[PDB]
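> Next comes the structure file coords_2.pdb, holding PDB, C-alpha atoms and all ligand atoms.
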ATOM      1  CA  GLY A   1      53.875  54.726   1.410  1.00  0.00           C
ATOM      2  CA  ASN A   2      52.194  52.396   0.442  1.00  0.00           C
ATOM      3  CA  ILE A   3      51.553  54.222  -2.896  1.00  0.00           C
ATOM      4  CA  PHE A   4      49.697  51.099  -3.980  1.00  0.00           C
ATOM      5  CA  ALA A   5      47.782  50.318  -0.774  1.00  0.00           C
ATOM      6  CA  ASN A   6      46.365  53.711  -1.379  1.00  0.00           C
ATOM      7  CA  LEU A   7      45.020  53.403  -4.979  1.00  0.00           C
ATOM      8  CA  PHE A   8      42.488  50.953  -3.595  1.00  0.00           C
ATOM      9  CA  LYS A   9      40.602  53.196  -1.318  1.00  0.00           C
ATOM     10  CA  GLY A  10      36.941  53.946  -1.809  1.00  0.00           C
ATOM     11  CA  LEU A  11      36.848  50.283  -2.830  1.00  0.00           C
ATOM     12  CA  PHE A  12      37.206  49.626   0.909  1.00  0.00           C
ATOM     13  CA  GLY A  13      33.932  48.157   2.380  1.00  0.00           C
ATOM     14  CA  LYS A  14      32.387  44.775   3.477  1.00  0.00           C
ATOM     15  CA  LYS A  15      31.859  42.864   0.086  1.00  0.00           C
ATOM     16  CA  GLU A  16      35.018  41.039  -1.024  1.00  0.00           C
ATOM     17  CA  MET A  17      36.925  42.266  -4.000  1.00  0.00           C
ATOM     18  CA  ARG A  18      38.632  39.879  -5.950  1.00  0.00           C
ATOM     19  CA  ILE A  19      41.264  40.396  -8.470  1.00  0.00           C
ATOM     20  CA  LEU A  20      42.434  37.508 -10.636  1.00  0.00           C
ATOM     21  CA  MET A  21      46.019  37.462 -11.797  1.00  0.00           C
ATOM     22  CA  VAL A  22      46.985  34.749 -14.207  1.00  0.00           C
ATOM     23  CA  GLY A  23      49.328  34.408 -17.159  1.00  0.00           C
ATOM     24  CA  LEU A  24      51.859  31.803 -18.421  1.00  0.00           C
ATOM     25  CA  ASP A  25      55.049  30.620 -16.481  1.00  0.00           C
ATOM     26  CA  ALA A  26      57.712  33.277 -16.059  1.00  0.00           C
ATOM     27  CA  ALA A  27      55.498  36.240 -16.945  1.00  0.00           C
ATOM     28  CA  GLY A  28      56.340  37.799 -13.561  1.00  0.00           C
ATOM     29  CA  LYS A  29      53.040  37.541 -11.634  1.00  0.00           C
ATOM     30  CA  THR A  30      54.898  36.580  -8.466  1.00  0.00           C
ATOM     31  CA  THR A  31      57.364  39.538  -8.583  1.00  0.00           C
ATOM     32  CA  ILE A  32      54.241  41.574  -9.125  1.00  0.00           C
ATOM     33  CA  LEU A  33      52.522  40.292  -5.984  1.00  0.00           C
ATOM     34  CA  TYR A  34      55.698  40.917  -3.904  1.00  0.00           C
ATOM     35  CA  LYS A  35      56.521  44.465  -5.202  1.00  0.00           C
ATOM     36  CA  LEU A  36      52.938  45.271  -4.586  1.00  0.00           C
ATOM     37  CA  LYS A  37      53.821  45.014  -0.827  1.00  0.00           C
ATOM     38  CA  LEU A  38      50.243  44.533   0.404  1.00  0.00           C
ATOM     39  CA  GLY A  39      50.708  41.890   2.942  1.00  0.00           C
ATOM     40  CA  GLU A  40      52.440  38.667   2.874  1.00  0.00           C
ATOM     41  CA  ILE A  41      51.859  36.131   0.165  1.00  0.00           C
ATOM     42  CA  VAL A  42      50.152  32.853   1.237  1.00  0.00           C
ATOM     43  CA  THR A  43      50.614  29.823  -0.951  1.00  0.00           C
ATOM     44  CA  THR A  44      48.053  27.074  -1.057  1.00  0.00           C
ATOM     45  CA  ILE A  45      47.857  23.904  -2.998  1.00  0.00           C
ATOM     46  CA  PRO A  46      44.110  23.462  -3.631  1.00  0.00           C
ATOM     47  CA  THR A  47      44.395  20.352  -5.837  1.00  0.00           C
ATOM     48  CA  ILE A  48      47.588  18.568  -6.802  1.00  0.00           C
ATOM     49  CA  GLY A  49      49.611  20.778  -9.298  1.00  0.00           C
ATOM     50  CA  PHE A  50      47.483  23.960  -8.935  1.00  0.00           C
ATOM     51  CA  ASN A  51      49.686  26.196  -6.784  1.00  0.00           C
ATOM     52  CA  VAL A  52      47.671  29.199  -5.846  1.00  0.00           C
ATOM     53  CA  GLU A  53      49.264  32.224  -4.165  1.00  0.00           C
ATOM     54  CA  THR A  54      47.212  34.919  -2.462  1.00  0.00           C
ATOM     55  CA  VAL A  55      47.546  38.278  -0.662  1.00  0.00           C
ATOM     56  CA  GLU A  56      44.890  40.537   1.038  1.00  0.00           C
ATOM     57  CA  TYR A  57      44.915  44.330   2.327  1.00  0.00           C
ATOM     58  CA  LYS A  58      41.470  44.418   3.989  1.00  0.00           C
ATOM     59  CA  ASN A  59      38.897  43.407   1.423  1.00  0.00           C
ATOM     60  CA  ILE A  60      40.875  43.382  -1.727  1.00  0.00           C
ATOM     61  CA  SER A  61      42.005  39.917  -2.471  1.00  0.00           C
ATOM     62  CA  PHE A  62      44.677  39.184  -5.002  1.00  0.00           C
ATOM     63  CA  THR A  63      44.400  35.558  -6.167  1.00  0.00           C
ATOM     64  CA  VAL A  64      47.208  34.422  -8.565  1.00  0.00           C
ATOM     65  CA  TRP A  65      47.921  31.060 -10.385  1.00  0.00           C
ATOM     66  CA  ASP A  66      49.769  29.915 -13.592  1.00  0.00           C
ATOM     67  CA  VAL A  67      47.962  28.926 -16.789  1.00  0.00           C
ATOM     68  CA  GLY A  68      48.643  27.051 -20.051  1.00  0.00           C
ATOM     69  CA  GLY A  69      50.209  24.044 -18.750  1.00  0.00           C
ATOM     70  CA  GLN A  70      52.180  21.090 -18.137  1.00  0.00           C
ATOM     71  CA  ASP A  71      49.670  18.322 -18.977  1.00  0.00           C
ATOM     72  CA  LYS A  72      46.082  19.208 -17.795  1.00  0.00           C
ATOM     73  CA  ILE A  73      45.526  22.705 -16.201  1.00  0.00           C
ATOM     74  CA  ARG A  74      42.023  22.589 -14.852  1.00  0.00           C
ATOM     75  CA  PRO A  75      38.194  22.620 -13.922  1.00  0.00           C
ATOM     76  CA  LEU A  76      38.554  23.297 -10.279  1.00  0.00           C
ATOM     77  CA  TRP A  77      39.581  26.659 -11.781  1.00  0.00           C
ATOM     78  CA  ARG A  78      35.870  27.134 -12.964  1.00  0.00           C
ATOM     79  CA  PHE A  79      35.934  32.602  -9.994  1.00  0.00           C
ATOM     80  CA  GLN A  80      33.576  33.946  -7.386  1.00  0.00           C
ATOM     81  CA  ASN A  81      32.907  37.611  -7.733  1.00  0.00           C
ATOM     82  CA  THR A  82      36.052  38.529  -9.377  1.00  0.00           C
ATOM     83  CA  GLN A  83      35.760  41.990 -10.731  1.00  0.00           C
ATOM     84  CA  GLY A  84      39.281  42.410 -11.988  1.00  0.00           C
ATOM     85  CA  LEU A  85      41.281  40.265 -14.375  1.00  0.00           C
ATOM     86  CA  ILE A  86      44.970  41.133 -14.583  1.00  0.00           C
ATOM     87  CA  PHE A  87      46.705  39.077 -17.280  1.00  0.00           C
ATOM     88  CA  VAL A  88      50.552  39.339 -17.358  1.00  0.00           C
ATOM     89  CA  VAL A  89      52.698  38.609 -20.647  1.00  0.00           C
ATOM     90  CA  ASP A  90      56.568  38.019 -20.936  1.00  0.00           C
ATOM     91  CA  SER A  91      57.313  40.621 -23.626  1.00  0.00           C
ATOM     92  CA  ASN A  92      60.657  38.762 -24.534  1.00  0.00           C
ATOM     93  CA  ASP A  93      58.809  35.483 -25.324  1.00  0.00           C
ATOM     94  CA  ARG A  94      57.703  35.855 -28.916  1.00  0.00           C
ATOM     95  CA  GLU A  95      57.103  32.130 -29.159  1.00  0.00           C
ATOM     96  CA  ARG A  96      54.675  31.811 -26.391  1.00  0.00           C
ATOM     97  CA  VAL A  97      52.390  34.857 -26.876  1.00  0.00           C
ATOM     98  CA  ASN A  98      50.341  32.776 -29.080  1.00  0.00           C
ATOM     99  CA  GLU A  99      49.653  30.505 -26.070  1.00  0.00           C
ATOM    100  CA  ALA A 100      49.225  33.637 -23.962  1.00  0.00           C
ATOM    101  CA  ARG A 101      46.476  34.432 -26.494  1.00  0.00           C
ATOM    102  CA  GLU A 102      44.697  30.977 -26.001  1.00  0.00           C
ATOM    103  CA  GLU A 103      44.824  31.550 -22.334  1.00  0.00           C
ATOM    104  CA  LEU A 104      43.563  35.188 -22.413  1.00  0.00           C
ATOM    105  CA  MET A 105      40.836  34.176 -24.857  1.00  0.00           C
ATOM    106  CA  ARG A 106      39.901  30.973 -23.001  1.00  0.00           C
ATOM    107  CA  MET A 107      39.232  32.696 -19.598  1.00  0.00           C
ATOM    108  CA  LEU A 108      37.319  35.670 -20.902  1.00  0.00           C
ATOM    109  CA  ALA A 109      34.884  33.284 -22.571  1.00  0.00           C
ATOM    110  CA  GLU A 110      33.774  31.976 -19.183  1.00  0.00           C
ATOM    111  CA  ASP A 111      30.468  32.860 -17.705  1.00  0.00           C
ATOM    112  CA  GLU A 112      31.814  33.662 -14.325  1.00  0.00           C
ATOM    113  CA  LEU A 113      34.478  36.176 -15.257  1.00  0.00           C
ATOM    114  CA  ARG A 114      31.980  38.007 -17.465  1.00  0.00           C
ATOM    115  CA  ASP A 115      31.887  41.652 -16.371  1.00  0.00           C
ATOM    116  CA  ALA A 116      35.550  41.748 -15.462  1.00  0.00           C
ATOM    117  CA  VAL A 117      37.840  44.563 -16.398  1.00  0.00           C
ATOM    118  CA  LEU A 118      40.939  43.595 -18.301  1.00  0.00           C
ATOM    119  CA  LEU A 119      44.281  44.973 -17.351  1.00  0.00           C
ATOM    120  CA  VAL A 120      47.231  43.298 -19.069  1.00  0.00           C
ATOM    121  CA  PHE A 121      50.794  43.913 -17.949  1.00  0.00           C
ATOM    122  CA  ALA A 122      53.264  43.818 -20.825  1.00  0.00           C
ATOM    123  CA  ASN A 123      56.133  42.805 -18.491  1.00  0.00           C
ATOM    124  CA  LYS A 124      59.773  42.332 -19.332  1.00  0.00           C
ATOM    125  CA  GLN A 125      60.041  45.772 -21.032  1.00  0.00           C
ATOM    126  CA  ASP A 126      63.584  46.226 -19.839  1.00  0.00           C
ATOM    127  CA  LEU A 127      65.198  43.667 -22.224  1.00  0.00           C
ATOM    128  CA  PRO A 128      66.775  44.807 -25.482  1.00  0.00           C
ATOM    129  CA  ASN A 129      64.559  42.471 -27.490  1.00  0.00           C
ATOM    130  CA  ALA A 130      61.288  43.839 -26.213  1.00  0.00           C
ATOM    131  CA  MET A 131      57.848  43.690 -27.733  1.00  0.00           C
ATOM    132  CA  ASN A 132      56.049  46.984 -27.227  1.00  0.00           C
ATOM    133  CA  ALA A 133      52.460  47.293 -26.053  1.00  0.00           C
ATOM    134  CA  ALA A 134      51.181  47.850 -29.620  1.00  0.00           C
ATOM    135  CA  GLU A 135      52.782  44.636 -30.753  1.00  0.00           C
ATOM    136  CA  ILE A 136      51.376  42.919 -27.679  1.00  0.00           C
ATOM    137  CA  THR A 137      47.854  44.415 -28.450  1.00  0.00           C
ATOM    138  CA  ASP A 138      47.725  42.909 -32.030  1.00  0.00           C
ATOM    139  CA  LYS A 139      49.404  39.660 -31.143  1.00  0.00           C
ATOM    140  CA  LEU A 140      46.587  39.224 -28.522  1.00  0.00           C
ATOM    141  CA  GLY A 141      43.809  40.861 -30.609  1.00  0.00           C
ATOM    142  CA  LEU A 142      42.502  43.103 -27.886  1.00  0.00           C
ATOM    143  CA  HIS A 143      41.234  45.529 -30.587  1.00  0.00           C
ATOM    144  CA  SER A 144      38.597  43.058 -31.842  1.00  0.00           C
ATOM    145  CA  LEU A 145      37.207  42.407 -28.372  1.00  0.00           C
ATOM    146  CA  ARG A 146      33.721  43.966 -28.731  1.00  0.00           C
ATOM    147  CA  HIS A 147      32.618  43.884 -25.070  1.00  0.00           C
ATOM    148  CA  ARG A 148      35.202  44.391 -22.256  1.00  0.00           C
ATOM    149  CA  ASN A 149      36.976  47.701 -21.458  1.00  0.00           C
ATOM    150  CA  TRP A 150      40.637  46.701 -21.290  1.00  0.00           C
ATOM    151  CA  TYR A 151      44.111  48.177 -20.977  1.00  0.00           C
ATOM    152  CA  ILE A 152      47.789  47.408 -21.342  1.00  0.00           C
ATOM    153  CA  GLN A 153      50.452  49.136 -19.328  1.00  0.00           C
ATOM    154  CA  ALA A 154      54.029  48.271 -20.177  1.00  0.00           C
ATOM    155  CA  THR A 155      55.991  47.505 -16.996  1.00  0.00           C
ATOM    156  CA  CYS A 156      59.132  46.103 -15.454  1.00  0.00           C
ATOM    157  CA  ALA A 157      57.917  44.358 -12.244  1.00  0.00           C
ATOM    158  CA  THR A 158      61.482  44.090 -11.045  1.00  0.00           C
ATOM    159  CA  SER A 159      61.772  47.852 -10.612  1.00  0.00           C
ATOM    160  CA  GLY A 160      57.995  48.278 -10.859  1.00  0.00           C
ATOM    161  CA  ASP A 161      57.543  50.741 -13.657  1.00  0.00           C
ATOM    162  CA  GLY A 162      54.011  50.977 -14.889  1.00  0.00           C
ATOM    163  CA  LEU A 163      52.451  49.154 -11.917  1.00  0.00           C
ATOM    164  CA  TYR A 164      51.045  52.376 -10.343  1.00  0.00           C
ATOM    165  CA  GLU A 165      50.092  53.594 -13.787  1.00  0.00           C
ATOM    166  CA  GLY A 166      48.306  50.337 -14.665  1.00  0.00           C
ATOM    167  CA  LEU A 167      46.646  49.911 -11.300  1.00  0.00           C
ATOM    168  CA  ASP A 168      45.253  53.581 -11.226  1.00  0.00           C
ATOM    169  CA  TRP A 169      43.378  52.339 -14.210  1.00  0.00           C
ATOM    170  CA  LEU A 170      41.882  49.127 -12.783  1.00  0.00           C
ATOM    171  CA  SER A 171      41.032  50.964  -9.546  1.00  0.00           C
ATOM    172  CA  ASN A 172      39.075  53.624 -11.247  1.00  0.00           C
ATOM    173  CA  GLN A 173      37.331  51.170 -13.482  1.00  0.00           C
ATOM    174  CA  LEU A 174      36.061  49.033 -10.574  1.00  0.00           C
ATOM    175  CA  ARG A 175      35.509  52.259  -8.587  1.00  0.00           C
TER     176      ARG A 175
HETATM  177  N1  LIG B 201      64.339  41.560 -16.536  1.00  0.00           N
HETATM  178  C1  LIG B 201      63.175  41.184 -15.943  1.00  0.00           C
HETATM  179  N2  LIG B 201      63.033  39.947 -15.448  1.00  0.00           N
HETATM  180  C2  LIG B 201      61.824  39.768 -14.792  1.00  0.00           C
HETATM  181  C3  LIG B 201      60.787  40.631 -14.728  1.00  0.00           C
HETATM  182  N3  LIG B 201      59.733  40.135 -14.012  1.00  0.00           N
HETATM  183  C4  LIG B 201      60.092  38.898 -13.744  1.00  0.00           C
HETATM  184  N4  LIG B 201      61.437  38.672 -14.038  1.00  0.00           N
HETATM  185  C5  LIG B 201      62.371  37.513 -13.733  1.00  0.00           C
HETATM  186  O1  LIG B 201      62.026  36.376 -14.513  1.00  0.00           O
HETATM  187  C6  LIG B 201      61.571  35.341 -13.608  1.00  0.00           C
HETATM  188  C7  LIG B 201      60.103  35.584 -13.504  1.00  0.00           C
HETATM  189  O2  LIG B 201      59.522  34.730 -12.616  1.00  0.00           O
HETATM  190  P1  LIG B 201      58.279  35.166 -11.646  1.00  0.00           P
HETATM  191  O3  LIG B 201      58.207  36.705 -11.378  1.00  0.00           O
HETATM  192  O4  LIG B 201      58.165  34.200 -10.450  1.00  0.00           O
HETATM  193  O5  LIG B 201      57.103  34.774 -12.643  1.00  0.00           O
HETATM  194  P2  LIG B 201      55.873  33.832 -12.428  1.00  0.00           P
HETATM  195  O6  LIG B 201      56.136  32.319 -12.639  1.00  0.00           O
HETATM  196  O7  LIG B 201      54.809  34.170 -13.457  1.00  0.00           O
HETATM  197  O8  LIG B 201      55.214  33.845 -10.985  1.00  0.00           O
HETATM  198  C8  LIG B 201      62.372  35.543 -12.293  1.00  0.00           C
HETATM  199  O9  LIG B 201      63.782  35.039 -12.297  1.00  0.00           O
HETATM  200  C9  LIG B 201      62.272  37.028 -12.271  1.00  0.00           C
HETATM  201  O10 LIG B 201      63.404  37.484 -11.556  1.00  0.00           O
HETATM  202  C10 LIG B 201      60.898  41.865 -15.321  1.00  0.00           C
HETATM  203  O11 LIG B 201      60.005  42.709 -15.354  1.00  0.00           O
HETATM  204  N5  LIG B 201      62.154  42.105 -15.886  1.00  0.00           N
HETATM  205 MG    MG B 202      55.366  32.151  -9.434  1.00  0.00          MG
END
Translate this structure into structure tokens?
Ligand SMILES: Nc1nc2c(ncn2[C@@H]2O[C@H](COP(=O)(O)OP(=O)(O)O)[C@@H](O)[C@H]2O)c(=O)[nH]1
Ligand SMILES: [Mg+2]


Amino acid sequence: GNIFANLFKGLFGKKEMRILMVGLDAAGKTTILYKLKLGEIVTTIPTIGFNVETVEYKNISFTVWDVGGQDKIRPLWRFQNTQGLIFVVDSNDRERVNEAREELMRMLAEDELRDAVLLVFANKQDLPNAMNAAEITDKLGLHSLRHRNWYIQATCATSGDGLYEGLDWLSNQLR
């Protein structure tokens, strides 16, 4: 195809589009970048510990980096004109959603990512102990959020179910 490469057209034109993709460790943001098949993934290490991967089909830039971490996860992170915020959650991790909630809530508070559409990918939906979207949507309190227009597509990066269905949404929103 590139069934994906294609959802992003119309968006094609001289100012840079930037889509942020962050989430906790093991949410599957990397499998997401790769299945997306939009060019080859370039890793950079902007400041010690902050491993930032990136991809780019013309003017749509997909910047990705982990959050909620290790010892100090940081400033340096204070966002140009990022119009899309994709936040990915490991559905099988019941323990950590709460952190996934501190991290969704902490980033959305920022000035910079202010008018930035929220697409969340409820990810490991292929495991018998899965947490459905509705459970993910309460456990993250996206129904209180009285500003952003958001969305949560259940997926399975690995085989890629829901990616086209969740990205038709972001696309149109930014459109
Ligand atoms: N069953 C299943 N495992 C997944 C899924 N997505 C990610 N994984 C696996 O769990 C780990 C996820 O790591 P990765 O995709 O690099 O996540 P990242 O640290 O957020 O970049 C890898 O061993 C993946 O193979 C998924 O949708 N289903
Ligand atoms: Mg990774």

> Hey, which residues come within 9 Å of ligand LIG 201 (chain B) if we count all atoms listed in the file? Could you give them as a CSV table (one decimal) with C-alpha atoms, in the frame of the given file?


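Okay, this is what ended up in result_19.csv:
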chain,number,residue,atom,x,y,z
A,22,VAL,CA,47.0,34.7,-14.2
A,23,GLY,CA,49.3,34.4,-17.2
A,24,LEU,CA,51.9,31.8,-18.4
A,25,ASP,CA,55.0,30.6,-16.5
A,26,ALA,CA,57.7,33.3,-16.1
A,27,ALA,CA,55.5,36.2,-16.9
A,28,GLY,CA,56.3,37.8,-13.6
A,29,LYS,CA,53.0,37.5,-11.6
A,30,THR,CA,54.9,36.6,-8.5
A,31,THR,CA,57.4,39.5,-8.6
A,32,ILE,CA,54.2,41.6,-9.1
A,33,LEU,CA,52.5,40.3,-6.0
A,34,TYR,CA,55.7,40.9,-3.9
A,64,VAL,CA,47.2,34.4,-8.6
A,65,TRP,CA,47.9,31.1,-10.4
A,66,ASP,CA,49.8,29.9,-13.6
A,88,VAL,CA,50.6,39.3,-17.4
A,89,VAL,CA,52.7,38.6,-20.6
A,90,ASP,CA,56.6,38.0,-20.9
A,91,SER,CA,57.3,40.6,-23.6
A,122,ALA,CA,53.3,43.8,-20.8
A,123,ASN,CA,56.1,42.8,-18.5
A,124,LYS,CA,59.8,42.3,-19.3
A,125,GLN,CA,60.0,45.8,-21.0
A,126,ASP,CA,63.6,46.2,-19.8
A,127,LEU,CA,65.2,43.7,-22.2
A,155,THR,CA,56.0,47.5,-17.0
A,156,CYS,CA,59.1,46.1,-15.5
A,157,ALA,CA,57.9,44.4,-12.2
A,158,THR,CA,61.5,44.1,-11.0
A,159,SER,CA,61.8,47.9,-10.6
A,160,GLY,CA,58.0,48.3,-10.9
A,161,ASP,CA,57.5,50.7,-13.7

> So that I can see what lies close to segment 165-167 of chain A, please list as a ChimeraX atom specification the residues with an atom at most 12 Å from it, counting only C-alpha atoms and leaving out residues fewer than 5 positions away in the same chain.

/A:3-8,19,32,36,84-88,117-123,150-157,160,172-175

> For residue 142 of chain A, list every protein, DNA or RNA residue within 12 Å, evaluated using all atoms listed in the file, and leave out those in the same chain fewer than 2 positions away; present the list as a list in words.

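Within the cut-off, the hits are residues 101, 104, 105, 108, 118, 119, 120, 133, 134, 135, 136, 137, 138, 139, 140, 144, 145, 146, 147, 148, 149, 150, 151 and 152 of chain A.
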
> For residue 74 of chain A, please output as a ChimeraX atom specification all residues within 10 Å (counting only C-alpha atoms; exclusion window: fewer than 5 positions along the same chain).

/A:47,49-50,67-69

> Pull the closest atom pair for each residue of segment 66-171 of chain A that gets at most 10 Å from segment 12-16 of chain A, along with the distance in Å to one decimal, counting all atoms listed in the file, ordering rows by chain and then ascending residue number, as a Markdown table.


| residue | atom | partner | partner_atom | distance |
| --- | --- | --- | --- | --- |
| A:80 | CA | A:16 | CA | 9.6 |
| A:81 | CA | A:16 | CA | 7.8 |
| A:82 | CA | A:16 | CA | 8.8 |
| A:83 | CA | A:16 | CA | 9.8 |

> What gap, in Å, lies between atom CA of residue 75 of chain A and atom CA of residue 109 of chain A?

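Separating atom CA of residue 75 of chain A from atom CA of residue 109 of chain A is a distance of 14.1 Å.
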
> Record the distance separating atom CA of residue 76 of chain A and atom CA of residue 43 of chain A, expressed in Å with one decimal.

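Atom CA of residue 76 of chain A sits 16.6 Å away from atom CA of residue 43 of chain A.
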